[PDB]
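Shown here: final-v6.txt, compact mmCIF, C-alpha atoms and all ligand atoms.
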# COMPACT_ATOMS: atom_id res chain seq x y z
CA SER A 1 -34.04 12.32 -11.97
CA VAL A 2 -32.40 9.49 -10.06
CA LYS A 3 -34.04 6.10 -10.39
CA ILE A 4 -33.30 3.70 -7.57
CA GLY A 5 -31.29 0.77 -8.90
CA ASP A 6 -30.75 2.40 -12.29
CA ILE A 7 -26.97 2.42 -12.06
CA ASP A 8 -26.35 2.99 -15.77
CA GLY A 9 -28.92 5.76 -15.95
CA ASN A 10 -30.81 4.35 -18.93
CA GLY A 11 -34.16 4.52 -17.14
CA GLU A 12 -34.74 0.76 -16.82
CA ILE A 13 -33.57 -1.78 -14.20
CA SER A 14 -31.47 -4.60 -15.63
CA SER A 15 -28.67 -7.04 -14.90
CA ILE A 16 -26.21 -4.50 -16.37
CA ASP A 17 -27.08 -2.12 -13.50
CA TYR A 18 -26.28 -4.92 -11.06
CA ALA A 19 -23.02 -5.79 -12.83
CA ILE A 20 -21.85 -2.16 -12.56
CA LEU A 21 -22.63 -2.01 -8.83
CA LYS A 22 -20.87 -5.33 -8.24
CA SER A 23 -17.78 -4.02 -10.00
CA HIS A 24 -17.90 -0.80 -7.95
CA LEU A 25 -17.90 -2.73 -4.70
CA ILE A 26 -14.67 -4.43 -5.84
CA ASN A 27 -13.06 -1.21 -7.13
CA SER A 28 -14.90 2.11 -6.60
CA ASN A 29 -15.95 3.74 -9.86
CA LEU A 30 -19.45 5.22 -9.45
CA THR A 31 -20.31 8.87 -9.94
CA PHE A 32 -22.27 10.79 -7.34
CA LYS A 33 -25.46 10.28 -9.33
CA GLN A 34 -24.80 6.56 -9.59
CA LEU A 35 -24.13 6.34 -5.84
CA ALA A 36 -27.53 7.92 -5.24
CA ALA A 37 -29.12 5.35 -7.55
CA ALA A 38 -27.15 2.56 -5.91
CA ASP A 39 -28.46 3.18 -2.37
CA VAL A 40 -31.38 0.78 -2.84
CA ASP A 41 -32.31 0.48 0.84
CA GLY A 42 -32.07 4.22 1.54
CA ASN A 43 -29.71 4.08 4.51
CA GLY A 44 -27.24 6.47 2.90
CA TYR A 45 -24.39 4.11 2.18
CA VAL A 46 -23.77 1.91 -0.82
CA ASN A 47 -22.76 -1.61 0.11
CA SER A 48 -23.26 -5.31 -0.49
CA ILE A 49 -26.73 -5.23 1.05
CA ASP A 50 -27.88 -2.87 -1.69
CA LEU A 51 -26.35 -5.28 -4.21
CA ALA A 52 -28.15 -8.20 -2.68
CA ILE A 53 -31.54 -6.46 -2.73
CA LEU A 54 -31.04 -5.62 -6.42
CA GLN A 55 -30.11 -9.27 -7.14
CA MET A 56 -33.22 -10.58 -5.42
CA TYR A 57 -35.36 -8.07 -7.36
CA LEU A 58 -33.88 -9.03 -10.73
CA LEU A 59 -34.34 -12.77 -10.08
CA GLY A 60 -38.01 -12.21 -9.27
CA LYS A 61 -37.56 -13.11 -5.62
CA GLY A 62 -37.65 -9.79 -3.93
CA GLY A 63 -39.85 -8.36 -1.26
CA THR A 64 -41.02 -4.76 -1.28
CA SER A 65 -38.34 -2.25 -2.24
CA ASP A 66 -37.89 1.14 -3.84
CA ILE A 67 -36.15 -0.32 -6.92
CA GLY A 68 -37.41 1.43 -9.99
CA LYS A 69 -38.81 4.47 -8.18
CA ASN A 70 -37.54 8.01 -8.73
CA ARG A 71 -35.46 8.99 -5.73
CA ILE A 72 -36.67 12.09 -3.90
CA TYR A 73 -33.88 14.68 -3.83
CA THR A 74 -33.50 18.45 -3.77
CA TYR A 75 -30.23 20.04 -4.83
CA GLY A 76 -28.49 21.49 -1.81
CA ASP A 77 -30.72 19.51 0.60
CA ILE A 78 -27.93 17.30 1.84
CA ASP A 79 -29.84 15.90 4.85
CA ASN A 80 -32.91 15.42 2.62
CA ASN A 81 -35.36 17.11 5.01
CA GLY A 82 -37.02 19.22 2.28
CA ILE A 83 -35.33 22.56 3.08
CA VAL A 84 -31.98 24.02 2.06
CA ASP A 85 -30.66 25.82 5.14
CA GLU A 86 -27.55 26.24 7.26
CA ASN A 87 -27.60 22.62 8.48
CA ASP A 88 -26.98 21.60 4.86
CA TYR A 89 -24.17 24.14 4.76
CA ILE A 90 -22.65 22.55 7.88
CA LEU A 91 -22.70 19.08 6.34
CA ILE A 92 -20.81 20.25 3.25
CA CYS A 93 -18.40 22.39 5.24
CA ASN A 94 -17.41 19.53 7.52
CA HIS A 95 -16.99 17.35 4.43
CA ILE A 96 -14.61 19.82 2.77
CA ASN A 97 -12.70 20.41 6.02
CA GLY A 98 -12.20 16.70 6.65
CA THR A 99 -14.29 16.64 9.83
CA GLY A 100 -17.19 14.60 8.48
CA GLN A 101 -17.67 12.61 5.34
CA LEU A 102 -20.89 12.92 3.43
CA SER A 103 -22.83 9.72 2.99
CA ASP A 104 -22.51 8.10 -0.42
CA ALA A 105 -26.16 8.88 -1.20
CA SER A 106 -26.00 12.59 -0.26
CA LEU A 107 -23.07 13.54 -2.49
CA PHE A 108 -25.41 14.10 -5.45
CA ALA A 109 -27.50 16.65 -3.57
CA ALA A 110 -24.37 18.39 -2.25
CA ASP A 111 -22.81 18.73 -5.73
CA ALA A 112 -24.46 22.04 -6.52
CA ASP A 113 -22.59 22.58 -9.80
CA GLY A 114 -22.81 18.94 -10.95
CA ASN A 115 -19.09 18.41 -11.64
CA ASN A 116 -18.74 15.27 -9.49
CA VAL A 117 -16.43 17.00 -7.04
CA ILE A 118 -17.39 18.42 -3.64
CA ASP A 119 -15.40 21.59 -3.06
CA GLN A 120 -15.52 25.26 -2.12
CA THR A 121 -17.65 26.16 -5.12
CA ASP A 122 -20.45 23.93 -3.92
CA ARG A 123 -20.27 25.47 -0.46
CA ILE A 124 -20.39 29.00 -1.82
CA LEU A 125 -23.33 28.23 -4.04
CA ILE A 126 -25.26 26.79 -1.12
CA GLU A 127 -24.32 29.85 0.96
CA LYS A 128 -25.61 32.15 -1.78
CA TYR A 129 -28.85 30.14 -2.09
CA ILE A 130 -29.53 30.12 1.65
CA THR A 131 -28.98 33.88 1.93
CA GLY A 132 -31.08 34.65 -1.14
CA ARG A 133 -28.30 35.93 -3.39
CA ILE A 134 -29.21 33.40 -6.12
CA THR A 135 -32.62 31.95 -6.93
CA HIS A 136 -31.46 28.40 -7.74
CA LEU A 137 -28.43 26.18 -7.77
CA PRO A 138 -26.75 25.92 -11.20
CA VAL A 139 -27.10 22.12 -11.45
CA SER B 1 -41.53 -18.90 -15.37
CA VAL B 2 -44.05 -16.05 -15.21
CA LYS B 3 -42.65 -12.70 -14.12
CA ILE B 4 -45.22 -10.01 -13.42
CA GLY B 5 -45.05 -7.19 -15.95
CA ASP B 6 -42.59 -9.17 -18.12
CA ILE B 7 -44.92 -9.47 -21.06
CA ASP B 8 -42.24 -10.32 -23.62
CA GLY B 9 -40.74 -12.90 -21.27
CA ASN B 10 -37.17 -11.67 -21.54
CA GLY B 11 -36.66 -11.52 -17.78
CA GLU B 12 -36.63 -7.74 -17.35
CA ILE B 13 -39.27 -5.01 -17.16
CA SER B 14 -38.98 -2.46 -19.94
CA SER B 15 -40.85 -0.15 -22.25
CA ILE B 16 -41.33 -3.02 -24.71
CA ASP B 17 -43.44 -4.84 -22.13
CA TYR B 18 -45.74 -1.83 -21.89
CA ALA B 19 -46.03 -1.51 -25.66
CA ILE B 20 -47.09 -5.15 -25.99
CA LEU B 21 -49.74 -4.79 -23.33
CA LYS B 22 -51.08 -1.55 -24.79
CA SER B 23 -51.26 -3.15 -28.22
CA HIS B 24 -53.27 -6.04 -26.75
CA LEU B 25 -55.76 -3.74 -25.07
CA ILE B 26 -56.39 -2.18 -28.50
CA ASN B 27 -56.51 -5.53 -30.38
CA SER B 28 -56.47 -8.70 -28.24
CA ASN B 29 -53.37 -10.79 -29.03
CA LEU B 30 -51.63 -11.99 -25.85
CA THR B 31 -50.89 -15.66 -25.26
CA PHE B 32 -52.11 -17.28 -22.08
CA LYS B 33 -48.62 -17.00 -20.59
CA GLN B 34 -48.49 -13.33 -21.49
CA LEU B 35 -51.90 -12.79 -19.88
CA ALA B 36 -50.56 -14.32 -16.67
CA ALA B 37 -47.66 -11.87 -16.77
CA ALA B 38 -49.95 -8.96 -17.61
CA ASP B 39 -52.23 -9.31 -14.57
CA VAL B 40 -50.09 -6.88 -12.65
CA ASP B 41 -52.50 -6.30 -9.78
CA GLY B 42 -53.33 -9.96 -9.36
CA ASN B 43 -57.09 -9.60 -9.63
CA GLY B 44 -57.33 -12.25 -12.37
CA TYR B 45 -58.27 -9.97 -15.26
CA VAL B 46 -56.04 -8.11 -17.68
CA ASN B 47 -57.24 -4.56 -18.25
CA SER B 48 -56.34 -0.89 -18.41
CA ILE B 49 -55.68 -0.73 -14.67
CA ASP B 50 -52.88 -3.21 -15.08
CA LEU B 51 -51.51 -1.13 -17.93
CA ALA B 52 -51.68 2.03 -15.81
CA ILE B 53 -49.81 0.40 -12.95
CA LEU B 54 -47.05 -0.70 -15.35
CA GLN B 55 -46.91 2.81 -16.87
CA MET B 56 -46.50 4.40 -13.44
CA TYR B 57 -43.77 1.89 -12.55
CA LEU B 58 -41.79 2.63 -15.69
CA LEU B 59 -42.01 6.39 -15.00
CA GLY B 60 -40.58 5.85 -11.52
CA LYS B 61 -43.84 7.03 -9.97
CA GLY B 62 -45.47 3.87 -8.77
CA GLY B 63 -46.41 2.69 -5.31
CA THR B 64 -46.02 -0.88 -4.06
CA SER B 65 -46.68 -3.50 -6.73
CA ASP B 66 -45.76 -7.02 -7.76
CA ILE B 67 -44.02 -5.81 -10.96
CA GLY B 68 -40.84 -7.82 -11.39
CA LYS B 69 -41.84 -10.61 -9.05
CA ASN B 70 -42.14 -14.22 -10.11
CA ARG B 71 -45.66 -15.60 -9.77
CA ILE B 72 -45.55 -19.35 -9.22
CA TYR B 73 -47.88 -21.39 -11.41
CA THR B 74 -48.78 -25.04 -10.97
CA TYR B 75 -50.18 -26.58 -14.15
CA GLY B 76 -53.72 -27.77 -13.48
CA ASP B 77 -54.07 -25.79 -10.25
CA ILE B 78 -56.68 -23.38 -11.51
CA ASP B 79 -57.91 -22.25 -8.11
CA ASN B 80 -54.32 -21.84 -6.87
CA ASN B 81 -54.91 -23.93 -3.71
CA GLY B 82 -51.78 -26.02 -4.18
CA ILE B 83 -53.35 -29.28 -5.36
CA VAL B 84 -54.78 -30.47 -8.66
CA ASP B 85 -58.12 -32.15 -8.13
CA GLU B 86 -61.73 -32.36 -9.23
CA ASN B 87 -62.38 -28.75 -8.23
CA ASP B 88 -59.86 -27.58 -10.80
CA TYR B 89 -61.46 -29.96 -13.27
CA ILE B 90 -64.88 -28.40 -12.68
CA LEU B 91 -63.50 -24.94 -13.37
CA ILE B 92 -62.12 -26.00 -16.76
CA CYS B 93 -65.26 -27.97 -17.65
CA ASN B 94 -67.56 -25.04 -16.92
CA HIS B 95 -65.33 -22.82 -19.03
CA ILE B 96 -65.49 -25.27 -21.94
CA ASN B 97 -69.26 -25.63 -21.59
CA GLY B 98 -69.84 -21.90 -21.38
CA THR B 99 -71.19 -22.09 -17.82
CA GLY B 100 -68.35 -20.20 -16.18
CA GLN B 101 -65.41 -18.33 -17.68
CA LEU B 102 -61.89 -18.79 -16.37
CA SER B 103 -60.14 -15.61 -15.31
CA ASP B 104 -57.54 -14.28 -17.75
CA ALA B 105 -54.78 -15.13 -15.27
CA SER B 106 -55.81 -18.77 -14.81
CA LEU B 107 -55.87 -19.71 -18.47
CA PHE B 108 -52.14 -20.50 -18.41
CA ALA B 109 -52.62 -23.00 -15.56
CA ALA B 110 -55.56 -24.62 -17.40
CA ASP B 111 -53.79 -24.99 -20.77
CA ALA B 112 -52.48 -28.53 -20.58
CA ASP B 113 -51.13 -28.61 -24.16
CA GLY B 114 -49.98 -24.99 -24.39
CA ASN B 115 -51.92 -24.06 -27.54
CA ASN B 116 -53.61 -20.96 -26.05
CA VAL B 117 -57.08 -22.51 -26.29
CA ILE B 118 -59.03 -24.14 -23.47
CA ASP B 119 -60.99 -27.01 -25.04
CA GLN B 120 -61.92 -30.68 -24.63
CA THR B 121 -58.23 -31.62 -24.88
CA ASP B 122 -57.38 -29.70 -21.71
CA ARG B 123 -60.27 -31.48 -19.99
CA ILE B 124 -59.10 -34.97 -20.95
CA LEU B 125 -55.50 -34.22 -20.02
CA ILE B 126 -56.33 -32.94 -16.53
CA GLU B 127 -58.54 -36.00 -16.02
CA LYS B 128 -55.58 -38.24 -16.82
CA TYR B 129 -53.31 -36.18 -14.58
CA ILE B 130 -55.68 -36.32 -11.62
CA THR B 131 -56.17 -40.08 -11.93
CA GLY B 132 -52.46 -40.77 -12.49
CA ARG B 133 -52.61 -42.07 -16.07
CA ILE B 134 -50.14 -39.39 -17.23
CA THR B 135 -47.26 -38.45 -14.95
CA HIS B 136 -47.18 -34.76 -15.89
CA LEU B 137 -49.23 -32.37 -18.00
CA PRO B 138 -47.45 -31.72 -21.34
CA CA C 201 -30.45 0.69 -16.12
CA CA C 202 -27.64 1.26 1.30
CA CA C 203 -31.83 20.22 4.41
CA CA C 204 -19.13 20.37 -7.31
CA CA C 205 -39.58 -7.81 -20.64
CA CA C 206 -55.54 -7.14 -13.31
CA CA C 207 -56.49 -26.63 -7.18
CA CA C 208 -55.29 -26.16 -24.67
Before we go any further, please render this structure as structure tokens.
Amino acid sequence: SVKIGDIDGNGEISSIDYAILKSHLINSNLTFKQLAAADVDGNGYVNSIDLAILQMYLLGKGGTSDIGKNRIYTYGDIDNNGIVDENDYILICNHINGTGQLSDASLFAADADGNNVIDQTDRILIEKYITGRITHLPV
Amino acid sequence: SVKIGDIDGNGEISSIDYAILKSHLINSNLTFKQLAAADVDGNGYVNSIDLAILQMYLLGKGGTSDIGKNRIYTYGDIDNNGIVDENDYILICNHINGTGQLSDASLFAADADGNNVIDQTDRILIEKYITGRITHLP
């Protein structure tokens, strides 16, 4: 499960989560799972606006946000429309071929073997899943 | 500062906060300030619904709530209308006299000496505050 804002993965939202995101925005260091947790506003990309929303939440000053909620994801569902199908395959293929970069927040769903790399193995697994040759993704 | 759901007052919302509130609902023990923090849904009373909302939040399953937000308190402003006047005084007097009980969440605003009791001392102190004899409630 991915908890929005829970950058260190410990299940609770704290100033350490914020510190890790702030450091990442200076020098990238977050895993795919952390990038999914870091996309506080849900627009797919991890940036200083996400950081700001997390700051306002932690200081008690925030409006309504998804911080603390479990993020809805399905492995292989890269566009997060609730189905794994050939449009998900296209997104990962273009990513691998250099003709379209996956959003920061969708890398976790694309990483079908959970090794924090997007490569041919992920594509093949999604291909097998779509065509019914495997019942689930290994992750 | 009162932060909603932050029962232990450490500035963050965690499983410890839930444990303290659950313990209180079994055997009452929260301070007035903790009661203010525990009224998650803002309805004035601290009960199992507040606990349930905190539980859902900590499991990542909650809807929209005020958990984590600061709730601004003005000492002596019992009706939360932004001024301290005779109407706040009446609310504390009735409470003391047993002719109307303050909500759990307003006890912190009424407690002029911070001893987690509302008694004749809180009445005298708000009187002095309203009439300007004391510059601020202790
Ligand atoms: Ca955390
Ligand atoms: Ca974002
Ligand atoms: Ca899809
Ligand atoms: Ca992979
Ligand atoms: Ca706390
Ligand atoms: Ca309540
Ligand atoms: Ca008032
Ligand atoms: Ca008192």
Any idea which chain A residues end up within 7 Å of chain B if we count only C-alpha atoms, as a PDB file with C-alpha atoms, keeping the file's coordinate frame please?
ATOM      1  CA  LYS A   3     -34.040   6.100 -10.390  1.00  0.00           C
ATOM      2  CA  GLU A  12     -34.740   0.760 -16.820  1.00  0.00           C
ATOM      3  CA  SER A  14     -31.470  -4.600 -15.630  1.00  0.00           C
ATOM      4  CA  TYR A  57     -35.360  -8.070  -7.360  1.00  0.00           C
ATOM      5  CA  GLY A  60     -38.010 -12.210  -9.270  1.00  0.00           C
ATOM      6  CA  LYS A  61     -37.560 -13.110  -5.620  1.00  0.00           C
ATOM      7  CA  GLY A  62     -37.650  -9.790  -3.930  1.00  0.00           C
ATOM      8  CA  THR A  64     -41.020  -4.760  -1.280  1.00  0.00           C
ATOM      9  CA  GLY A  68     -37.410   1.430  -9.990  1.00  0.00           C
ATOM     10  CA  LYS A  69     -38.810   4.470  -8.180  1.00  0.00           C
ATOM     11  CA  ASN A  70     -37.540   8.010  -8.730  1.00  0.00           C
TER      12      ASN A  70
END
**Request:** Rank nothing, just name the residue among A:112, A:4, A:16, A:52 nearest to residue 40 (chain A), using only C-alpha atoms.
**Result:** A:4
**Message:** One number please: CA of residue 107 (chain B) to CA of residue 135 (chain B), in Å, one decimal.
**Reply:**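 CA of residue 135 (chain B) lies 20.9 Å from CA of residue 107 (chain B).
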**Asked** Restricting the calculation to all atoms listed in the file, which member of A:87, A:59, A:77, A:32 is positioned closest to ligand CA 204 (chain C)?
**Response**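 Between A:87, A:59, A:77, A:32, the residue approaching ligand CA 204 (chain C) most closely is A:32.
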**Prompt:** Which protein, DNA or RNA residues have an atom at most 12 Å from (-33.1, 2.6, -8.5), counting all atoms listed in the file? List them as a ChimeraX atom specification.
**Reply:** /A:1-14,17-18,21,33-42,50-51,53-54,57-58,65-72,105 /B:57-61
**Message:** Using all atoms listed in the file, which residues of the polymer chains come no farther than 7 Å from ligand CA 208 (chain C)? I'd like the answer as a PyMOL selection string.
**Reply:** chain B and resi 111-119+121-122
Output file for the residues above (C-alpha atoms, as an mmCIF file, keeping the file's coordinate frame):
data_model
loop_
_atom_site.group_PDB
_atom_site.id
_atom_site.type_symbol
_atom_site.label_atom_id
_atom_site.label_comp_id
_atom_site.auth_asym_id
_atom_site.auth_seq_id
_atom_site.Cartn_x
_atom_site.Cartn_y
_atom_site.Cartn_z
ATOM 1 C CA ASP B 111 -53.790 -24.990 -20.770
ATOM 2 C CA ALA B 112 -52.480 -28.530 -20.580
ATOM 3 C CA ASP B 113 -51.130 -28.610 -24.160
ATOM 4 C CA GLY B 114 -49.980 -24.990 -24.390
ATOM 5 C CA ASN B 115 -51.920 -24.060 -27.540
ATOM 6 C CA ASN B 116 -53.610 -20.960 -26.050
ATOM 7 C CA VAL B 117 -57.080 -22.510 -26.290
ATOM 8 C CA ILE B 118 -59.030 -24.140 -23.470
ATOM 9 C CA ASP B 119 -60.990 -27.010 -25.040
ATOM 10 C CA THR B 121 -58.230 -31.620 -24.880
ATOM 11 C CA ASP B 122 -57.380 -29.700 -21.710
#
**Prompt:** What is the distance between CA of residue 125 (chain A) and CA of residue 46 (chain A), in Å to one decimal?
**Reply:**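 Calculated distance between CA of residue 125 (chain A) and CA of residue 46 (chain A) is 26.5 Å.
Residues of protein or nucleic acid lying within 9 Å of ligand CA 203 (chain C), counting only C-alpha atoms and all ligand atoms, are residues 74, 76, 77, 78, 79, 80, 81, 82, 83, 84, 85, 86, 87, 88 and 89 of chain A.
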Contacts of ligand CA 206 (chain C), 8 Å or closer, only C-alpha atoms and all ligand atoms, given as a PDB file with C-alpha atoms, in the frame of the given file:
ATOM      1  CA  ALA B  38     -49.950  -8.960 -17.610  1.00  0.00           C
ATOM      2  CA  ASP B  39     -52.230  -9.310 -14.570  1.00  0.00           C
ATOM      3  CA  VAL B  40     -50.090  -6.880 -12.650  1.00  0.00           C
ATOM      4  CA  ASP B  41     -52.500  -6.300  -9.780  1.00  0.00           C
ATOM      5  CA  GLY B  42     -53.330  -9.960  -9.360  1.00  0.00           C
ATOM      6  CA  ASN B  43     -57.090  -9.600  -9.630  1.00  0.00           C
ATOM      7  CA  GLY B  44     -57.330 -12.250 -12.370  1.00  0.00           C
ATOM      8  CA  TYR B  45     -58.270  -9.970 -15.260  1.00  0.00           C
ATOM      9  CA  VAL B  46     -56.040  -8.110 -17.680  1.00  0.00           C
ATOM     10  CA  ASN B  47     -57.240  -4.560 -18.250  1.00  0.00           C
ATOM     11  CA  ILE B  49     -55.680  -0.730 -14.670  1.00  0.00           C
ATOM     12  CA  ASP B  50     -52.880  -3.210 -15.080  1.00  0.00           C
TER      13      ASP B  50
END
**Complete:** Separating CA of residue 88 (chain B) from CA of residue 125 (chain B), to the nearest tenth of an Å, is a gap of 12.2 Å
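Residues in contact with ligand CA 207 (chain C) (atom pairs separated by at most 7 Å; all atoms listed in the file) are residues 76, 77, 78, 79, 80, 81, 82, 83, 84, 85, 87 and 88 of chain B.
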**Contacts of ligand CA 204 (chain C), 6 Å or closer, only C-alpha atoms and all ligand atoms, given as a PyMOL selection string** = chain A and resi 111-119+122
**Which residue of B:106, B:37, B:31, B:52 approaches ligand CA 205 (chain C) most closely, using only C-alpha atoms and all ligand atoms** = B:37
**Message:** My list of candidates is A:109, A:49, A:56, A:134. Which is closest to ligand CA 202 (chain C) when distances are computed with only C-alpha atoms and all ligand atoms?
**Reply:**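 Closest residue, counting only C-alpha atoms and all ligand atoms: A:49.
Residue nearest ligand CA 205 (chain C) within the list B:101, B:22, B:34, B:27: B:34 [criterion: smallest interatomic distance, only C-alpha atoms and all ligand atoms].
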For region 39-53 of chain A, which lacks atoms in the input, supply N, CA, C and O atoms and format the output as a short mmCIF file (atom, residue, chain, number, x, y, z; two decimals), in the coordinates of the input.
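Ended up saving to result-v7.cif:
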data_model
loop_
_atom_site.label_atom_id
_atom_site.label_comp_id
_atom_site.auth_asym_id
_atom_site.auth_seq_id
_atom_site.Cartn_x
_atom_site.Cartn_y
_atom_site.Cartn_z
N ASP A 39 -28.04 3.34 -3.76
CA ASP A 39 -28.46 3.18 -2.37
C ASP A 39 -29.91 2.67 -2.30
O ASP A 39 -30.85 3.35 -1.87
N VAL A 40 -30.06 1.40 -2.69
CA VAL A 40 -31.38 0.78 -2.84
C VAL A 40 -32.17 0.83 -1.54
O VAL A 40 -33.35 1.18 -1.54
N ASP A 41 -31.54 0.55 -0.40
CA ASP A 41 -32.31 0.48 0.84
C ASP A 41 -32.46 1.82 1.56
O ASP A 41 -33.09 1.87 2.62
N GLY A 42 -31.88 2.89 1.03
CA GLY A 42 -32.07 4.22 1.54
C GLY A 42 -31.35 4.57 2.82
O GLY A 42 -31.69 5.59 3.44
N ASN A 43 -30.37 3.79 3.25
CA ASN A 43 -29.71 4.08 4.51
C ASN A 43 -28.48 4.96 4.36
O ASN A 43 -27.83 5.26 5.37
N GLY A 44 -28.22 5.43 3.16
CA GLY A 44 -27.24 6.47 2.90
C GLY A 44 -25.93 5.96 2.36
O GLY A 44 -25.17 6.72 1.74
N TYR A 45 -25.66 4.68 2.56
CA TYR A 45 -24.39 4.11 2.18
C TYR A 45 -24.61 2.99 1.18
O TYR A 45 -25.64 2.31 1.20
N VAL A 46 -23.67 2.86 0.27
CA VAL A 46 -23.77 1.91 -0.82
C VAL A 46 -22.90 0.71 -0.48
O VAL A 46 -21.68 0.85 -0.30
N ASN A 47 -23.51 -0.46 -0.34
CA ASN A 47 -22.76 -1.61 0.11
C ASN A 47 -23.39 -2.90 -0.42
O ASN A 47 -24.29 -2.87 -1.27
N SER A 48 -22.85 -4.02 0.05
CA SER A 48 -23.26 -5.31 -0.49
C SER A 48 -24.72 -5.62 -0.20
O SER A 48 -25.29 -6.50 -0.85
N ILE A 49 -25.31 -5.00 0.81
CA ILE A 49 -26.73 -5.23 1.05
C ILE A 49 -27.55 -4.62 -0.08
O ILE A 49 -28.53 -5.22 -0.55
N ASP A 50 -27.17 -3.43 -0.55
CA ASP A 50 -27.88 -2.87 -1.69
C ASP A 50 -27.77 -3.81 -2.88
O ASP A 50 -28.76 -4.04 -3.60
N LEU A 51 -26.58 -4.37 -3.09
CA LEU A 51 -26.35 -5.28 -4.21
C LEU A 51 -27.26 -6.47 -4.10
O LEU A 51 -27.90 -6.89 -5.07
N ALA A 52 -27.33 -7.03 -2.90
CA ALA A 52 -28.15 -8.20 -2.68
C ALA A 52 -29.62 -7.91 -2.96
O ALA A 52 -30.32 -8.74 -3.54
N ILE A 53 -30.13 -6.76 -2.51
CA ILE A 53 -31.54 -6.46 -2.73
C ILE A 53 -31.83 -6.34 -4.22
O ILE A 53 -32.88 -6.78 -4.70
#
